[PDB]
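The block underneath contains the structure these notes are about, expressed in structure tokens.
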Amino acid sequence: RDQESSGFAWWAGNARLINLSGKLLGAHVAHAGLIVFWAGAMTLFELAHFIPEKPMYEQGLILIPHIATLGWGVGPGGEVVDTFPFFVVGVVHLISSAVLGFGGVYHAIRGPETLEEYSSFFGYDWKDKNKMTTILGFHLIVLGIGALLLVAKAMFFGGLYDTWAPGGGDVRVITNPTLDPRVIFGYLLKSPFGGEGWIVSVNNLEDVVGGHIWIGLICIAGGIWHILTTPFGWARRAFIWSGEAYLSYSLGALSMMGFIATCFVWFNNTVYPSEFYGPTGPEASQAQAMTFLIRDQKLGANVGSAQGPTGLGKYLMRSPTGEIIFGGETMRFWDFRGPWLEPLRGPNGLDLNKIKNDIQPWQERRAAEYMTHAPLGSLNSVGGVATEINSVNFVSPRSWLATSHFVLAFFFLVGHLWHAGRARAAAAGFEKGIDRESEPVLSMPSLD
Amino acid sequence: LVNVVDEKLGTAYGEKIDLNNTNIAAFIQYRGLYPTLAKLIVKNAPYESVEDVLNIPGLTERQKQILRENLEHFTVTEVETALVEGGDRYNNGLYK
Amino acid sequence: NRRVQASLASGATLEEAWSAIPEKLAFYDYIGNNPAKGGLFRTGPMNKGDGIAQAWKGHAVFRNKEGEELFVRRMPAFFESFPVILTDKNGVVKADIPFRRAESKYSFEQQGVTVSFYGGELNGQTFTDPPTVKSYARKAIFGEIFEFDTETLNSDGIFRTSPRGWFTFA
Amino acid sequence: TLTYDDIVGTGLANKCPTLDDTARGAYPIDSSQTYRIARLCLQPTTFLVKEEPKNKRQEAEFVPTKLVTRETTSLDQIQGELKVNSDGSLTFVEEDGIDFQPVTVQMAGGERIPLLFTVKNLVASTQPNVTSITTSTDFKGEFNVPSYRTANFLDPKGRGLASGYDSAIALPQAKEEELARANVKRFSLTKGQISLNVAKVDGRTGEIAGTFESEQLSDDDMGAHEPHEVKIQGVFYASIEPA
Amino acid sequence: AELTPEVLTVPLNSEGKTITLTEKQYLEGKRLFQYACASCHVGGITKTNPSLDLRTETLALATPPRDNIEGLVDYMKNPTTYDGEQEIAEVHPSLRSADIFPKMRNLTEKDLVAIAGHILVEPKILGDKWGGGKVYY
Amino acid sequence: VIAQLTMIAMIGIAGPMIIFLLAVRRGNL
Amino acid sequence: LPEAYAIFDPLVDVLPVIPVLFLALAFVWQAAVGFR
Amino acid sequence: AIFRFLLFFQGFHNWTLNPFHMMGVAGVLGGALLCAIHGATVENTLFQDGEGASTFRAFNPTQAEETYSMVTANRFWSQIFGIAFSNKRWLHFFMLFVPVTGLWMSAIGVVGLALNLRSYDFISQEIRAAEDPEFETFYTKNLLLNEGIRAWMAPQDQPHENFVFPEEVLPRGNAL
Amino acid sequence: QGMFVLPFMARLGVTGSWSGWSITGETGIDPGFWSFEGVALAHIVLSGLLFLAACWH
Ligand code: CLA
Ligand code: CLA
Ligand code: CLA
Ligand code: CLA
Ligand code: CLA
Ligand SMILES: CCCCCCCCCCCCCCCC(=O)OC[C@H](COP(=O)(O)OC[C@@H](O)CO)OC(=O)CCCCCCCCCCCCCCC
Ligand SMILES: CC1=C(/C=C/C(C)=C/C=C/C(C)=C/C=C/C=C(C)/C=C/C=C(C)/C=C/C2=C(C)CCCC2(C)C)C(C)(C)CCC1
């Protein structure tokens, strides 16, 4: 537990737990406790500062909108009807953190230093390819079950919040989840660029629930697979099989997932309902063009023939493929889809006749609301652009969530690079420096 | 080579509200003109004279009373193409 | 102004007072001779910029429709460009050249801004049409207005610094 | 039939509705009823720009050009008044709709030609005595072509009409008389001529379709230079219903 | 300079009556303004319709006049257009439409007065800045 | 109002107190 | 929060910061053993 | 206040366009580059002079031998980048020269700016732009920005000048 | 116009340009790759290959 014996300094002291399964178990369980702790403590915090009639995205909340999306404590339009489910989630997560915190400490500073001669089932070796895939299998099944919990919630227990629900957003039970692999895996084969958007562009709960059904069965089957099998030859020669190497593989995964989450909460308004998280970037911008189209048309303006300074339509123009879109700088956001705008959308895009006659006041309210709540804010939470004066205390939750998980994702990519590079060097035997006396370069022919 | 807009500032346009050219947001400077009467005036433009605004079909007696009170704040000049195109009368691109 | 006021006090007309001003003295009162108006790679003599000075056009006196004399705000050395703003004797803004014309209130057209020249080549002359008056107003931010020869050296109309500037820099 | 999600990204949104070849019928016009064009659409397929022949005696030629602004060229959902002149001839007075599209074409040599393909304030009439609209009915009329840029448009040096500078502030002491055409912006407004030839008629639904050929001027850049004579050819669609 | 009783003395009605708010009335009179108004009316302007601001001179020419307490309180109950020809409760936050604007629900009659007062006191402090825009920032 | 400050007091000192107790007891630190 | 749990309102506003203290606690323990 | 100093030099001097500041930027960024690339190279070419994973304990201030391999470091960058240092003395001298020279170059630029002798414009492009209202570069776009900065910041930045700019004379794009 | 190499490309067939014009005066023609620009590109690429070859030999 010092540097002379372990070979690691205090700033790398957790690297001494590599070959100590017992204490390492206590470390992970204790860290897990910290996770469930925050998930509960913050929930109670958010609920304590929560104001029912005031919008969620105006109160700096990130956890309550997650619970609300699952259909708990909300009704039509995303209005809060009962704050009690928020309280239960916060309390249960919190109490559980004491349980994980109890065994986390026990397994760490008094549980067996190694599990290998307490138990052959719990005890492991990093280089035991069979043991690792087995543990991988177990946890794969656990993840598969968790995905089915979401399915069970959406199909059997109340359902989820459907922002695309007819008559307005409401909690809806998913009865027909999409099982079609042409749709589910169709998302996975979509382009990550504009107009497509990969898996981020999922716009209905049917594809979400049906999607988690697939990934549920896949992880379970995969779990059973890795439990019953052992790594093939081509896999044994490709990877590095060590504790640090496995960590780096997971660091790269979480880094990728971090970047994906960043794009989800910033672009997607289905699994991240605008009634809870606030309008997206593209959404708010389209709402401004919407807001002033309505205002000007009331004054007697013909928004279909209104030419702008550049020659392009002031309110309405065409996308590169010909779709009728909102004019101005928001031409870049013509791939935005929202339940408040789709009623005005025809086969060729925005229908001018629907615009002239069918626009409803609730659409006008929502447009002005989302325009004035665009995800633009300073670090000290001053709403609007940088040149705006102090008055509105607002930064959209989407901004907090997108920024935070990009910082984390990037650093975990660095983590991947750091821990994978060292895993290669360590397994090869030169992570502690070049042997002065077998310097590989000196045995190589000169470059010139 | 003359700037037509600058030249128009040398007329009554630079003095009063031109019913045939001036942006619709100018009808806020006076009482009971915006936005109902304001919409009607611009829609029924142009006019040969100022008092022709009283001949707009559908005007109530109170509305025609309000118009008469603000005839002194109105004027009529030749229709300038550069001021009426692009729906600039309803939105000339100026805000705050 | 001290020499002009002294002339008016001796009983000379406005056309006589400004005519008694040496062209060499008015030329010093022109920002084109300011050594802090050049550029690092704007090479050559100052005549390559504003041109070769030919004659004084005379002092420009600006008045509105009320007959009140207006004074063009002069350009500071730091400014590569400068707006045209006319104020009275107290410094209250009375006229300008507007960027946006949609809500213009101080345009030369609206305020009926004229310009009369005293002394120089344009002595005793008065201009009324807005595009002509504006042209002189733009020159009035430079100080005294002069006639330049821009064809001999093919001058690009861009200010250059004096040997005073170049010596100091080097 | 087809939704937005079926058409999006395909390019069909820039295309005008077509009639089947079965539609060679006629649409009866009653003198005592009032008619309107509920929807007019114009889809250009060829942009011909009259080059400018050197300077001698040549016949001015219309050369082919290349579109560079992609499929953003069509005018759609144009509605207006379909009048029945007592002589029998019809007359369409354009009212509202997407009646303009900025289009840039590139001639041989690389010269780009910006133009405002439009039919604003169109008044097109037919031949006298039209009892029914057949596959021989053609519309002739004129329209207004406003300036490509509006009065608020600023050039790269910040000059404009209803806004911006009125001189070259980069050249403080330059002779402004030579830069007069560049310092002073001018709002243009010319007439354009277009012929709408009907080749398909569905008398039941009241849908007509055929080809058109319009002639108009291109952008003059606030009067900085001379415009080019443009000839636009393409197909059109229109639905006719009683008022 | 300081927040004097002469500054906090604002017109009450359409006949010249006057009231003097306390300092605390002004302070939370601003908090409530930042609570339900500032999103569209930050600085005295109107982001969703810049043609109309909260300047005293503008409110005076409104129909009915809004340059007093009772005028603004009535507007917060039943909002109209600038000529008062139409009622815009369905698109503007009010007690009449507190169901679609939930932040208007718990506003007492006393709360509206503080909000109304703040709109009248601010231009007497910030001058042309109030309802001025980015030009006066 | 400063019950605020009383919570962070006992909670904040709860950590180091364990270290101090394990030091005077010469525990397995 | 429910009115029955209004007692622990000051306690709730403190709980989220507790995990960060664990990071700081590691340095205390390390300083206590002199950074072995 | 320093940030204000930066923005002032942009709007009034066009300080970015000045080739002396450009050389200064190359000196600072180039120095930071050298600083990072030398420290990472040394740490990743170290000899193994111990058996601890923490390789900081494997060095002694009074030792004679080099702590890292110059030969291995040379071959790495020769294959990666094409060229590589082969002389430790020239290397560290180069780490002196690059940032020192850079700051000296930018100092020369400011001395010029003291007299408003700036690199504000390119005459060949102003002549073109003034004659052809369809000619636009990033250079011209930046000048519009400078004019905006000046007219909007000056009345408060230079209160002794008592600048009063009516809203109508202020340079503004559309809408904004 | 003092064109020297241009008539030599024209003599053996190359009469078109990627910009669209042809020396005969025709417009709306497609020379393909072998235009005046295509020919120039060919001789430049050829120059580079012969350069590398010279280094080897
Ligand atoms: C997520 C944070 C985390 C976790 C879970 C761990 C966990 C662990 N570290 Mg590591 N460590 C961390 C962060 C963490 N570390 C950081 C940030 C640093 C940098 C300063 C270090 C530096 C470091 C070093 C240098 C060493 C460790 C070691 C260890 C292991 C033994 C610790 C020990 O014996 O302490 C003894 C300490 C005590 C007995 C004091 C009390 C400690 C307990 C846990 C306090 C619990 C408080 C909590 C409120 C209790 C709630 C109980 C109930 C109500 C639930 C252990 C598995 C050691 C190791 O690898 O040994 C083989 C080792 O040498 N760590
Ligand atoms: C990551 C989880 C994990 C793992 C792999 C282990 C592994 C081990 N623990 Mg530890 N332990 C854990 C968590 C874990 N523990 C936690 C969280 C606590 C706090 C409650 C403890 C408290 C604890 C004690 C007090 C002791 C051990 C001991 C042991 C050993 C024997 C375990 C045994 O016989 O279980 C047998 C268990 C079963 C046959 C069934 C267990 C069913 C569980 C409780 C629930 C299953 C449902 C589901 C998975 C719950 C998920 C909850 C949540 C994550 C969603 C072994 C080394 C013993 C030891 O080392 O003795 C020397 C010992 O005395 N553990
Ligand atoms: C947490 C998830 C997880 C993890 C860590 C592993 C880990 C492992 N699996 Mg297992 N597996 C999993 C889930 C997982 N599996 C599940 C759920 C299933 C059921 C479908 C399987 C089915 C499975 C099979 C059938 C096999 C493995 C095998 C392996 C081993 C080699 C993997 C490999 O070489 O990948 C790297 C993969 C490649 C180098 C192939 C090319 C991959 C391309 C480049 C991916 C491109 C992705 C793209 C950029 C982004 C995605 C979008 C779209 C294109 C899909 C390794 C022990 C192999 C083994 O040895 O088994 C004994 C083997 O044959 N797994
Ligand atoms: C103290 C020196 C000095 C000064 C102050 C002047 C001043 C003047 N000269 Mg004279 N001149 C000088 C020396 C000087 N000269 C010398 C030594 C010669 C002989 C070659 C001349 C030859 C000469 C001619 C032929 C002319 C002038 C003219 C002028 C006038 C315009 C100058 C101009 O535009 O410069 C322009 C200055 C610059 C563009 C600045 C150059 C900055 C250099 C290139 C920077 C180098 C940086 C370096 C390479 C980077 C190092 C990097 C680091 C890592 C090492 C002005 C009155 C002109 C005139 O008006 O004549 C009537 C004219 O035609 N001069
Ligand atoms: C990529 C971005 C970039 C980069 C790398 C640089 C780099 C540089 N800029 Mg440039 N700049 C940039 C963008 C950039 N700039 C842009 C976009 C603009 C807008 C136009 C500017 C505007 C700008 C200005 C206005 C100036 C620079 C200057 C500089 C130089 C500063 C050198 C320095 O460290 O001075 C730091 C200061 C010193 C080294 C002086 C000595 C300081 C002493 C030693 C400090 C002592 C501290 C004391 C011991 C303890 C204090 C404690 C207390 C704080 C608590 C350098 C060449 C400066 C320059 O050219 O100077 C000649 C300058 O004035 N830049
Ligand atoms: C670990 C904590 C977070 C670290 C972030 C990244 C820091 C290191 C990045 C180096 C990149 C340079 C290129 C490689 C450079 C390189 O190769 O380094 C070489 C150097 C040599 O260490 P060893 O190889 O002996 O150790 C590697 C392992 O075997 C552990 O001993 O590595 C380190 O010292 C890492 C120390 C990490 C632990 C201390 C980190 C201190 C971070 C301070 C954070 C300040 C936060 C506030 C800021 C406002
Ligand atoms: C290993 C290690 C470590 C770590 C540790 C840890 C991380 C631990 C954790 C721990 C934990 C993680 C714990 C937890 C706990 C929890 C708890 C204890 C909870 C409780 C709860 C409660 C008490 C509740 C209450 C209530 C109710 C019931 C209702 C509502 C309201 C109230 C709040 C009142 C360190 C680094 C330091 C160092 C040494 C080593």
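Specify the inter-centroid distance of the stretch A:353-370 and the stretch C:100-122, based on alpha-carbon positions, in whole Å. Measuring centre to centre over Cα atoms gives 47 Å. Remark on the protein assembly as shown: A:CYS219, A:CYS263, E:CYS37, E:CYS40, H:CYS35, I:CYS55 stand apart, with no other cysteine beta carbon under 4.7 Å. By its C-alpha gyration tensor, with a ≥ b ≥ c as the square roots of the eigenvalues, how is the stretch A:199-260 shaped: rounded for a/c under 1.5, else prolate for a/b larger than b/c, else oblate? Note, shape of the stretch A:199-260 comes out oblate.
Here the protein assembly as shown is assigned +1 on the Cβ of each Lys and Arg and -1 on the Cβ of each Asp and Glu. Its dipole about the Cα centre then comes out at about 3360 debye. What you get for chain D, charging only the Cβ of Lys and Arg (+1) and of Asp and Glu (-1), is a dipole of about 420 debye around the Cα centre. Computed about the Cα centre, the dipole magnitude for chain H is approximately 560 debye when only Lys and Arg (+1) and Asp and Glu (-1) carry charge, each at its Cβ. Neighbour counts of other Cβ atoms within 10 Å put A:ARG332, H:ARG150 in the fewest-to-most order A:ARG332, H:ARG150. At q = 0.05, 0.07 Å⁻¹ the log10 of I(q)/I(0) for the protein assembly as shown amounts to -0.56, -1.10, computed by Debye summation with a single uniform scatterer per C-alpha, solvent ignored.
Pick from A:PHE326, A:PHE156, A:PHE336: which is most flexible by mean-square fluctuation in a GNM of chain A where alpha carbon atoms under 10 Å apart are linked? It is A:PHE156. Using the Cβ-Cβ distance between F:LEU5 and A:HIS31 with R0 set to 22 Å, the FRET efficiency from 1/(1 + (r/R0)^6) comes to roughly 0.15. Here's the picture: charge each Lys and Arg Cβ at +1 and each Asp and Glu Cβ at -1 in chain A, and of A:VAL105, A:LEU115, A:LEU247 the one pushed furthest to the positive end of that dipole is A:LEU247.
Quick one: order H:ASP49, E:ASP99 by neighbouring beta-carbon count within 10 Å, fewest to most. Let's see the in-between values first.
Working: H:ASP49 17, E:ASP99 8.
With the fewest neighbours first, H:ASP49, E:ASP99 line up as E:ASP99, H:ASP49.
The stretch I:1-53 and the stretch D:217-243 have their alpha-carbon centroids 37 Å apart. Past 19 Å, Cα to Cα, is the threshold; run C:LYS24/C:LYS57; C:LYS48/D:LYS185; C:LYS48/H:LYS141; C:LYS105/E:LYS124 against it and keep the listed order. Over 19 Å apart, Cα to Cα: C:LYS48/D:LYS185; C:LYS48/H:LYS141; C:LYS105/E:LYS124. Figure legend: label point modelled 7 angstrom from the Cα of A:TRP11 along Cα→Cβ; residues of the stretch A:377-415 with amide N under 18 Å from it are A:415. Of all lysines in the structure, not one has an alpha carbon short of 16 Å from that of D:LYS54, not counting any fewer than 8 places away in one chain. Cross-link check: pairs A:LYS298/D:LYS15; E:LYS77/E:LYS110; C:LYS65/C:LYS89; A:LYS54/E:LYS24 evaluated at a Cα-Cα cut-off of 20 Å; pairs beyond the cut-off: A:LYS298/D:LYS15; A:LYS54/E:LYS24.
Ranking A:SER319, A:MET290, A:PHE333 by how far each Cα lies toward the positive end of the dipole of the stretch A:279-374 (charges on Cβ) leaves A:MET290 at the top. Please give the Cα centre distance for the stretch E:19-36 versus the stretch D:163-179, rounded to the nearest Å. Comparing the Cα centres of the stretch E:19-36 and the stretch D:163-179, I get a distance of 52 Å.
The chymotrypsin sites (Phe, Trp or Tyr not before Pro) of the stretch A:25-121 meeting both criteria, a DSSP state outside H, G, I, E and B (loop) and at most 13 other C-beta atoms within 10 angstrom of the site's C-beta, are A:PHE121. Judged by the gyration tensor of its Cα atoms, with axes a ≥ b ≥ c, the stretch A:279-374 is rounded; a/c sits under the 1.5 cut. Give me the percent of DSSP beta bridges within the protein assembly as shown that run antiparallel, rounded to the nearest 5. So the antiparallel bridges amount to about 95 percent of the total. Among A:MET444, D:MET107, H:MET70, the ranking by other beta carbons within 10 Å of each residue's beta carbon, starting with the fewest, stands as A:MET444, H:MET70, D:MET107. Span-like helix criteria (full DSSP H runs; alpha carbon extent of at least 27 Å along the helix axis; mean Kyte-Doolittle hydropathy of at least -1.0) are satisfied in chain A by A:21-48, A:84-109, A:129-155, A:205-228, A:243-267, A:397-428.
Pairs spanning more than 27 Å between alpha-carbon atoms, out of D:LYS50/D:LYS120; A:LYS356/E:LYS47; C:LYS94/E:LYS30; A:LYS314/B:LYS8: C:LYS94/E:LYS30. Remark on E:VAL7: its backbone amide H falls under 5 Å from none of the residues 5 or more positions apart or on other chains, H modelled at 1.01 Å from N. For peptide H:117-124, the mean count of partner chain Cβ atoms within 10 Å of a residue's Cβ comes to 6. Taking a straight Cα-Cα cut-off under 20 Å and skipping sequence neighbours fewer than 8 places away in the same chain, the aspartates and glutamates within cross-link reach of B:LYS64 are B:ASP18, B:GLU48, B:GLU51, B:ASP52, B:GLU72, E:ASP83, E:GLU85. Highest GNM mean-square fluctuation among E:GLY71, E:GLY43, E:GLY16, for chain E modelled with Cα contacts below 10 Å: E:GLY16. Comparing H:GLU147, H:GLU136, H:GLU65 in a Gaussian network model of chain H, where Cα atoms under 10 Å apart are tied by springs, the biggest mean-square fluctuation is seen for H:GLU65. Remark: the Cα gyration tensor places chain E in the rounded category, a/c being less than 1.5.
Simple rule: put +1 on each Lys or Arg Cβ and -1 on each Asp or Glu Cβ in the protein assembly as shown, find the dipole, and look at D:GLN106, C:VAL93, G:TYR5; the Cα lying farthest toward the positive end is G:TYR5.
Taken together, the values in this text are just the output of simple stated rules run on the coordinates, not laboratory data. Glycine gets a Cβ as well: all are built from the backbone with ideal geometry, and neighbour counts include every protein chain shown.
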